[PDB]
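**Student:** Here is my input; please provide its structure:
(6 chains, ligands or ions: 7)
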Protein chains: 6
Amino acid sequence: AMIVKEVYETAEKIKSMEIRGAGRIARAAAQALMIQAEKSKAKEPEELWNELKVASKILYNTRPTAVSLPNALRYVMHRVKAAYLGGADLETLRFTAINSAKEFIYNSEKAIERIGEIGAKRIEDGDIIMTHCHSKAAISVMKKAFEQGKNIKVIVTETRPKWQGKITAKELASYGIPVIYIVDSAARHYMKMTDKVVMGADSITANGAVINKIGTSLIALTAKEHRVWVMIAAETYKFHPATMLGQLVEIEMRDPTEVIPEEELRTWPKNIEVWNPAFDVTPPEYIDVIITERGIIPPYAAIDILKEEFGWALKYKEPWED
Amino acid sequence: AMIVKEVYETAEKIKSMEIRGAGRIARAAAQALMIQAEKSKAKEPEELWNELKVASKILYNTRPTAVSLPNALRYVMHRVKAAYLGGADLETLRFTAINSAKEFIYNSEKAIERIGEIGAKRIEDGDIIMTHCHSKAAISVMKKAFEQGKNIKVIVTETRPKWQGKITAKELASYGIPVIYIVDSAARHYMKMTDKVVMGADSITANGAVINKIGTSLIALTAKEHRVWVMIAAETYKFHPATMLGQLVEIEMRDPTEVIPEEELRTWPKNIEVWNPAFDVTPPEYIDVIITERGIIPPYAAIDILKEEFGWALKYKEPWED
Amino acid sequence: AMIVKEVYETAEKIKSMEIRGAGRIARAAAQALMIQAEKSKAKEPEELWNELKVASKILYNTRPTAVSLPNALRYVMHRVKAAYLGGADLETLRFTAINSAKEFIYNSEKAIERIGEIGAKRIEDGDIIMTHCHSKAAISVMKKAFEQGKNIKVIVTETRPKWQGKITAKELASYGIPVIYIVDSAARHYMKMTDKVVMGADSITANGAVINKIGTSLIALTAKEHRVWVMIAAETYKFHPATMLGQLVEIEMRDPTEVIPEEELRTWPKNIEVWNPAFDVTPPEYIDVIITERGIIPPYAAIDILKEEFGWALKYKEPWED
Amino acid sequence: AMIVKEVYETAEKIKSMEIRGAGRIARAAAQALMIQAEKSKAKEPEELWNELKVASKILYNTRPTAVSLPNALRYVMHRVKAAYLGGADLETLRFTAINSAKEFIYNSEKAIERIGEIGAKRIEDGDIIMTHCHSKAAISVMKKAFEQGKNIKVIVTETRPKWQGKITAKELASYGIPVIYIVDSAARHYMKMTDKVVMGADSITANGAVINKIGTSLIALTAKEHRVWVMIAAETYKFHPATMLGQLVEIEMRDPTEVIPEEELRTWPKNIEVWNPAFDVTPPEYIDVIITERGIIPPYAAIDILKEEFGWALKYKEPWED
Amino acid sequence: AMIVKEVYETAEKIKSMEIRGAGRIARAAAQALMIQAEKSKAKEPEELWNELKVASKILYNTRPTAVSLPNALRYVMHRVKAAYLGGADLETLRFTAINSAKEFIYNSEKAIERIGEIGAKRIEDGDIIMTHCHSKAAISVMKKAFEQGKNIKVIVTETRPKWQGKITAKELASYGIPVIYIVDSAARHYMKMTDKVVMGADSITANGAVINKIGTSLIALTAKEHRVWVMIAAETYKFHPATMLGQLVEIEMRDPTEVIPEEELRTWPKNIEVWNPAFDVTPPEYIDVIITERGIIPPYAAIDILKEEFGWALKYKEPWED
Amino acid sequence: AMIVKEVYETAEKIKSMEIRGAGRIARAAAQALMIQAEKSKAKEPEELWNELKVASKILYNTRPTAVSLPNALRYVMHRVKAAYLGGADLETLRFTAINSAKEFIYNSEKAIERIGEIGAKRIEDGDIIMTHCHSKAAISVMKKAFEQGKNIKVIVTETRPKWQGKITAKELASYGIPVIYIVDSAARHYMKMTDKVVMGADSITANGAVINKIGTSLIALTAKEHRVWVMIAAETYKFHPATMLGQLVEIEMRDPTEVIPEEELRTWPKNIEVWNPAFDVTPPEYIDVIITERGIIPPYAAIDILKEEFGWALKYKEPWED
Ligand SMILES: Nc1nc2c(ncn2[C@@H]2O[C@H](COP(=O)(O)O)[C@@H](O)[C@H]2O)c(=O)[nH]1
Ligand SMILES: Nc1nc2c(ncn2[C@@H]2O[C@H](COP(=O)(O)O)[C@@H](O)[C@H]2O)c(=O)[nH]1
Ligand SMILES: Nc1nc2c(ncn2[C@@H]2O[C@H](COP(=O)(O)O)[C@@H](O)[C@H]2O)c(=O)[nH]1
Ligand SMILES: Nc1nc2c(ncn2[C@@H]2O[C@H](COP(=O)(O)O)[C@@H](O)[C@H]2O)c(=O)[nH]1
Ligand SMILES: O=C(COP(=O)(O)O)[C@H](O)[C@H](O)COP(=O)(O)O
Ligand SMILES: [K+]
Ligand SMILES: [K+]
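**Tutor:** Numbers count the residues shown, from 1 in each chain, chains lettered A, B, ... in the order given. Ligands and ions are numbered 1, 2, ... in the order given. Here you go:
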């Protein structure tokens, strides 16, 4: 297969986390398939289909946990598969894929702004919000609240090991929003002063559980303990189809050296293992609302979102398989 | 007025956390009073007494939260003040000061051994133990349980911002004990495989609360959620006598640059505030046992420890006070 | 501009709580639109439409918290607006307004009967039921359970400040049902002898929360503690559609003189503030079932009620809006 | 009036629990409806209709608590009744009853196979599983998982009074799955070593509560306490449609001799009452998932299963009534 | 017996609650026995003893629940009994009683000021405190905090039926302390803004339970739910000796007309009973600290207070019996 | 070396549980020490000392879990060992052992009588009481309460595997107390109608945990869940002194044939392991009180009982060791 540079470059950048955040990963994946179809020198449809199947496989095999990624590929390639199988000629297939990926990207961009507007109504003037990691959906909520003239202050948790909290702090401060930066360990200590917790999602399961950045389940746990609302800002493509039929979401273990740098870890005794899980599972009981682009829901209504938007595709194989 | 150099160095080193851990700080402070008395050039008792007061003050204004520090200074200075006021000559005062310091130091070492022997009975073959920070008292228990031939494995949290987890990890590894090293945020994610939690204490209050390294409360919180025993390994001089008459324990706010290094932090805008609490408060409902040198107690019997050993002193002003 | 006297009187009476209870306020507002249309002197549809908008506005700016009120106005005005914009003549508009009002009123009466029949199946012979405020929906259930020959007894909380408990007590007594009347503070003390709790609702939100008379949350809280079922008797028009897109429900702050009478309160110093919230929010974890006219649901299925019946309308501005 | 003896044999064997488990009972009731129709000597259609109505009532008044039974009779008699009322001649009616019976029986076998496949995905290699009673749907999950190569052990609670746990223990051992057999009272003691709990269901209600073998709720309670997942394996015909309209599920009280044998019980004093409830009610807060043949749901979504599958039938009388 | 006016007048004023609050009731009881001994025209000691025995019986038989009352009588009359039984002459007995009662009154007055000083250290600048009823011990804490220059605001609950909250509000406002007055039902609604809860006690039991004004257990319940500290300001004479050997504290039921005035209750149907319990029982788990004149304790240390101060007297009959 | 057969008969009958219940076992072990001393044919004091040391070891290695047994042997052998080491001649030693045995046995009977009297005060007229196993101290409470004229019923759980519940059921019926007999699994189902729970104890630990019959912790858990008081009737010799120095209590694992009889179990596959734990561990958060013969304590005060009664003995070896 004639796979372009940008398919490979994108895949490496998802793996190394130079491209990160479940939304962005999903847009970038779709963007890459768009560039494949723009640049394909293929002659036959069968030839282009094969390229897109394989480019998709490459992109799916990057990072497992955020279902946003395979939902983006599925979006582009359910359509490309339907086109091809009703013998669409070449340019019809090339446009199906290009236009499909443009829809997904537009809809991601729109969904996020919309989550901002909905979630900001749940924020009150004077609120101290605590967040975790760097979530574009959460930030959209917080930023929108601030543009509505509510005087807010955000507590950013640094978010080890990769320090996503630095990104969140600088970003929010740059829209004018006062930020309080603390270590992940201080979450409970400062939960007393916190009015609302607003965080993102990578996968959301049928029974209402939220897989998000390591440490999320802790922040939610103590938030529930103090009766602070836990609001998870999440696009409907964050919801995980295979969990309808009993799939456990894989938890990404990343390299030990994200925790202890190589120069130091090589000096450490052999009887120490560094474990670096990238995500944990917050059960639904610690979640008050999931804010989607289609509105506020309780977390136990995640199965409704998946039935009405993804149910149909689970008797079908994956649209890049054969 | 005529204070030796070892007092000043010791205080500089407690401030800087070159010397750290509650127990060690207490011993280092006794030592410093010891050396002041050993090397004094005083001629009258009143002169030595005056040096030992001032040196006491300097040592106390180093770090507020670990009560071990002022409890050590009191063990020396209660005895030194009663001698001075009983008319003791120069050399009798000098020796009360030196010999009191030596007793505290000897009792601190024996107590930690004994805590180890007692706590280790609560560890069972195969156990997986989560800990936090670096606590000599906690390590005593794990070390002794391994020497007894129990195959334990210790989950060690890195303990940001100052990374005491690293100290714990290398230490435990050095005794042959296998370690699983994780970031603080992962503590709930791994609580499901943990059998015991074993941490230390800086201050323990009348009502049973444990003030220990920032994050301790979170670990205890999710331990409870999971029905994992939380054991606090702690010497009687970790108990806080001022709290029987309602004193709140000061939580030390340490420098922002421990969290975000100087180079970086100077690049950040005014409207980010870095907050660095070094301790939090874990409520007694989340603690199962405190393991002291005089045995196992439930946290609520903190008051009995305080009454039977420290109550007597609360009608008096402070031993180093004029 | 040309608003009848019955509209103005009805709004005065909703404000003053001469007419009160969510369900009754909704019916009273439909009625008032009915009478405005019956008695209008308009010649063109545009003139009647203009009266029905203004009368709607006046009725809506009476009391914020019970969503039954604006849901009643919408049931009339959605239908009136679609007729006007479909070119309806004067008399066709007049009749859409009158007949819509009549349908709402008829459905409000049938729904409360049906809630009664459904909820009464969950009451068992010998039961002791705590209630709160005066709710027609709750009373429907108790009344019907007694008529079925079940020997029930109802603990009635006085419901300060406005004393709706008294209304409930006299009513239940009048049907032959024995009552135990207690102050609000005694609710936990008597929860141990209570078998069921049965209250009403003013608004029910997307995520399952019940906004009902001040104190309801406390009663539900200790009911849970005690494992006593909390049943909310509530019509579909108690559900709040604005909350699916993240609106917070306004909690009505009523006059201080309801708490402390005018004579007394004028004798009190400036630095006492009397605060009179008329409602609180009970979270869904403390509610076991909502009993609607279409059946039993768990509180989390509030969103399904809102979606299938009210979602359609949230792309449009308000039916009475210009 | 002319009822074949197979109907009576079945009904007897359901009362005495020679035929047991909610699925098997249901299949056995349809099988008897099937045989009644095959072997009927009725010469008019009205006469067969009367034999089936009657057979249905004989079968329904055996064991009240498992809704599987009346849902089976419903499946057949809704269709037999629609045929009959549309003029169907004799042999059309007979076939409708036989083929409806056959449909339900094939569907039951297929549903359980599919629950096994959905549920096994939630069992991970290593897992220890506690179960209760003998449930064909719980066993499907445990069997498929072992067939998939996962090394599991199963804690089989003995399930007094009727010792269902022995059936489960021998069965699982027979597939090569190691069993740990314990008394019901040991559930909490061993819940620390348990990773998943998997049990059946006799009825599931509109608000998500699960009715299953006496003891199930105790196991789900201490499982929640310890954060072990509680998974209910339940065919959709275990869901109870009368509960949408507020019905309480009857709790069968079986013979005292099941607890204490006849020989011994007759010697006991009159003032010892032996109470044998055969089922209890587990609230939905202690259930993490229900695994049906159409996928995983949170317990709150039972109402969705009921709305879509059974809600149509509630405004009509029962299918076997005059 | 020659009983004085003031013994009778005091007893009526305790019953009618013109004299109220457990501390004050106890002082007034002791004051009354003081006035008996001042004015007794008795000639013999046996004659005076008999007067004091009977005057005590009168005073004990006023209100049952606040153990402060019998502890005050016991204080005076353990001593008077010991004096008399070592044949103290008349004036020796008269002084024993007068002086004993002066000690109790001085010690009550001192203990309260002291509880103020201890408890105020647990109050932080900016705190919103919620209280209940009118407690001199609680007010001492709050007032002292305010005199220390901490800027506080107190939420006073009105405290039905008898409105003790009016007393609390006016009193606190008169020391300059901003007060927020609300109904007992609003406690949970406003618990989010509350930093500390400070309340009194009437009886405290061996196992740590606090009997205080009806509604106390509710406020503590929701305070625990939100992690607001519950601090009970209580003198050591609030602790209940007989609970060491298994006594249940009697809960005072007061007259129905405290709830519904006579003029209205006489018009109400016969099938309504008004129940007016004056106190409820807050379990120890909802209490953080009990502040006594001897310091902060956890509530589980109430048995220590009773052992060291009251244990001795429980093999003896009551010191006014014969 | 010369051991009387009564010692061996006793030890056999303790292993086989012909002698059972923690109190009775203890009395029976002292009785055997007593008979050994009475019937000894030793002519030197050293020779009797050796027979008692040995008798003690034979008795201690019967059943590990109930500390009552070694605390009984301790009571005798501390005193026999103090006599022996103070030069005591033969007949002085013999008497010391007989009279110590006799003291412990009289004390046990008196302790249990007094627990009945303290504990009955906590039972109120009407009460329904759930219990577990057969406990002589729990039965004392229930009996005294009935003797006092209170109309109670008792829910007697059958207590598998050894059916202790039948002993309890017949015994209580024999005093005229109505019994409800249920299987262990029915505990939660019937906890709603239960007002008090009253059970025994085999050991009680330094931190307040109670070791009692397998199932006790499940009953205490659902009792807490429902806010039913859990009361433990326990003589002070049930408190476990090794636990002050960190010891874990051994959980006796008895024969699998107690669960499944020999005849049946031999037919079962090899891959079914039958596990028979005879005790479990109830944490102190689920126990409201321990009733001892010296009064009511919260479970946290067990450490106070231990400090004052047994702490002296811990720095010495066991009384029967060389
Ligand atoms: N914050 C704080 N709490 C303390 C201190 N001493 C004792 N405590 C007690 O520790 C507990 C902490 O509860 P939290 O607010 O963490 O839920 C409270 O019961 C509080 O009364 C102290 O110095 N600071
Ligand atoms: N205060 C408030 N909470 C609401 C409203 N609508 C829904 N909720 C939800 O109701 C719950 C109340 O939780 P609470 O803060 O009482 O513990 C939260 O989960 C919150 O998200 C509303 O209008 N006001
Ligand atoms: N006991 C019982 N509860 C039911 C039934 N149907 C639904 N429920 C619901 O199941 C829950 C029972 O919880 P529990 O009382 O065990 O704590 C309640 O939410 C109740 O409203 C039924 O038939 N029986
Ligand atoms: N399992 C066990 N726990 C004990 C023992 N002695 C004291 N404990 C204490 O009892 C509690 C057991 O609670 P659980 O683990 O059932 O939740 C813990 O606080 C533990 O520290 C013992 O011998 N065994
Ligand atoms: O319950 C009340 C008043 O009861 P009443 O008003 O019915 O006498 C008070 O909280 C306590 O008695 C403590 O008050 P104090 O601290 O002043 O003793
Ligand atoms: K577990
Ligand atoms: K109960």
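**Student:** now stretch A:15-22, how far from the chain's geometric center?
**Tutor:** Its chain's C-alpha centre and that of stretch A:15-22 lie 10 Å apart, by Cα atoms, centre = their mean, to the nearest Å.
**Student:** and that stretch, is it in reach of chain B?
**Tutor:** No: between stretch A:15-22 and chain B, judged by Cβ under 8 Å from any Cβ of the partner chain, nothing touches; the nearest distance is 15.7 Å. (Each C-beta comes from the backbone N, C-alpha and C, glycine too.)
**Student:** tell me which residues of that stretch are tucked away?
**Tutor:** A:19-22 (16 or more other Cβ atoms under 10 Å in any protein chain shown).
**Student:** what's the closest of the residues you listed to residue D:264?
**Tutor:** residue A:22 (64.8 Å; Cβ to Cβ).
**Student:** surely the closest one meets residue A:68?
**Tutor:** Yes: using Cβ atoms under 8 Å, residue A:22 is in contact with residue A:68, at 3.9 Å.
**Student:** what residues are shared contacts of those two?
**Tutor:** Residues touching both residue A:22 and residue A:68 (Cβ atoms under 8 Å, 6 or more residues apart in numbering or on different chains): A:202, A:238.
**Student:** Show me where chain A has its helices.
**Tutor:** A:5-15, A:22-39, A:45-60, A:68-85, A:90-121, A:136-147, A:164-174, A:216-225, A:262-265, A:302-310 (DSSP state H).
**Student:** List the contacts of the nearest residue to residue A:146 once chain neighbours are set aside.
**Tutor:** Spatial nearest neighbour of residue A:146, chain neighbours left out: residue A:177 (5.0 Å); criterion: Cβ to Cβ, 6 or more residues apart in numbering or on different chains. Contacts for residue A:177 were tallied using Cβ under 8 Å, 6+ apart; they are A:142-143, A:146, A:152-154, B:271.
**Student:** quick one: which of the residues you listed is nearest residue A:288?
**Tutor:** Nearest member of the contacts of residue A:177 to residue A:288, counting by Cβ to Cβ, is residue A:142, at 16.5 Å.
**Student:** Tell me the spacing between the closest one and residue A:198.
**Tutor:** 6 Å (Cβ to Cβ, to the nearest Å).
**Student:** Touching both of those two, which residues are there?
**Tutor:** Going by Cβ under 8 Å, 6+ apart, residues that sit against residue A:142 and also against residue A:198 are A:123, A:129, A:131.
**Student:** By proximity to ligand 5, which residue of the stretch 51-200 of chain A wins?
**Tutor:** residue A:192 (26.6 Å; Cβ to the nearest ligand atom).
**Student:** was I right about that residue contacting residue A:226?
**Tutor:** Yes: counting by Cβ under 8 Å, residue A:192 touches residue A:226, with 6.6 Å between them.
**Student:** Which of these two has more residues huddled nearby?
**Tutor:** residue A:226 (17 against 13; other Cβ atoms under 10 Å in any protein chain shown).
**Student:** Neighbours of residue A:298, how many?
**Tutor:** The number of residues near residue A:298, taken as other Cβ under 10 Å, comes to 27.
**Student:** Please disregard the earlier target; I meant residue A:121.
**Tutor:** Count around residue A:121 with other Cβ under 10 Å applied: 19.
**Student:** Quickly note the distance from the residue of the stretch 51-200 of chain A closest to ligand 5 to residue B:209.
**Tutor:** Remark: distance between residue A:192 and residue B:209 (Cβ to Cβ) = 14 Å.
**Student:** same thing with residue A:39?
**Tutor:** 64 Å.
**Student:** Compare those two (neighbour count), which wins?
**Tutor:** Comparing residue A:39 with residue B:209 by other Cβ under 10 Å, the one with more neighbours is residue B:209, at 26 against 15.
**Student:** who are the neighbours in contact with that one?
**Tutor:** Residue B:209 neighbours (Cβ under 8 Å, 6+ apart): B:281-284, B:299.
**Student:** same thing but 7 Å
**Tutor:** Residues in contact with residue B:209 (Cβ atoms under 7 Å, 6 or more residues apart in numbering or on different chains) are B:281-284.
**Student:** now those residues in CSV, with distance to ligand 5 and neighbour count?
**Tutor:** Shown next, in CSV, are the contacts of residue B:209 (distance: Cβ to the nearest ligand atom, whole Å; neighbours: other Cβ atoms under 10 Å in any protein chain shown):
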residue, distance to ligand 5, neighbour count
B:281, 28, 17
B:282, 30, 28
B:283, 25, 18
B:284, 25, 23
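**Student:** mind putting the residues you listed in a markdown table, distance to chain A included?
**Tutor:** As requested, the contacts of residue B:209 are arranged in a markdown table below (distance: Cβ to the nearest Cβ, whole Å):
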| residue | distance to chain A |
| --- | --- |
| B:281 | 8 |
| B:282 | 9 |
| B:283 | 10 |
| B:284 | 15 |
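**Student:** Next, the buried residues of stretch A:58-65.
**Tutor:** Neighbour counts over stretch A:58-65 (16+ other Cβ under 10 Å) mark A:58-60, A:62-65 as buried.
**Student:** hmm, which two among those residues are most spread apart?
**Tutor:** Maximum distance among those (Cβ to Cβ): 17.7 Å, for A:58 and A:65.
**Student:** Take the buried residues of stretch A:15-22 and keep only those in strands.
**Tutor:** Nothing among those maps onto strands, per DSSP state E.
**Student:** among the residues you listed, which two are most distant?
**Tutor:** A:19 and A:22 (10.9 Å).
**Student:** What's the local residue count around the residue of chain A at minimum distance from ligand 3?
**Tutor:** Across chain A, the shortest distance to ligand 3 (Cβ to the nearest ligand atom) belongs to residue A:300, at 14.6 Å. By the measure other Cβ under 10 Å, the count of residues near residue A:300 is 29.
**Student:** thought it was touching residue D:297?
**Tutor:** No: Residue A:300 is beyond contact range of residue D:297, at 9.0 Å (criterion: Cβ atoms under 7 Å).
**Student:** Number of residues surrounding the residue in chain A positioned nearest to ligand 5?
**Tutor:** When scored by Cβ to the nearest ligand atom, chain A has residue A:227 as its residue closest to ligand 5, at 26.2 Å. Residues lying near residue A:227 (other Cβ under 10 Å) number 16.
**Student:** For the residue in the stretch 151-300 of chain A that ligand 1 sits nearest to, give me its contacts.
**Tutor:** Taking Cβ to the nearest ligand atom, ligand 1 has its nearest neighbour within the stretch 151-300 of chain A at residue A:192, 6.7 Å off. Going by Cβ under 7 Å, 6+ apart, residue A:192 touches residue A:226.
**Student:** The residue of chain A closest to ligand 5 reaches residue E:226, doesn't it?
**Tutor:** Yes: when contacts are counted by Cβ under 7 Å, residue A:227 is listed as touching residue E:226 (5.3 Å).
**Student:** Sitting in strands, which of the shared contacts of residue A:142 and residue A:198 do you find?
**Tutor:** Checking the shared contacts of residue A:142 and residue A:198 against DSSP E, those in strands are A:129, A:131.
**Student:** Can you narrow the shared contacts of residue A:142 and residue A:198 down to the ones near chain E?
**Tutor:** Residues of the shared contacts of residue A:142 and residue A:198 in contact with chain E (Cβ under 7 Å from any Cβ of the partner chain): none.
**Student:** can you put the shared contacts of residue A:142 and residue A:198 in CSV and add neighbour count and distance to ligand 5?
**Tutor:** Output for the shared contacts of residue A:142 and residue A:198, formatted as CSV (neighbours: other Cβ atoms under 10 Å in any protein chain shown; distance: Cβ to the nearest ligand atom, whole Å):
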residue, neighbour count, distance to ligand 5
A:123, 24, 39
A:129, 26, 38
A:131, 27, 42
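**Student:** just curious, which of the shared contacts of residue A:142 and residue A:198 is nearest to chain C?
**Tutor:** Distance to chain C across those (Cβ to the nearest Cβ) is lowest for residue A:123, with 9.2 Å.
**Student:** Once you drop chain neighbours, what's closest to that closest one?
**Tutor:** residue A:145 (4.0 Å).
**Student:** how about the residues of the stretch 101-250 of chain A that lie near ligand 2?
**Tutor:** A:227, A:229 (Cβ under 6 Å from any ligand atom).
**Student:** From residue B:252, how far off is the residue of the stretch 151-300 of chain A closest to ligand 1?
**Tutor:** Distance from residue A:192 to residue B:252, by Cβ to Cβ: 18 Å.
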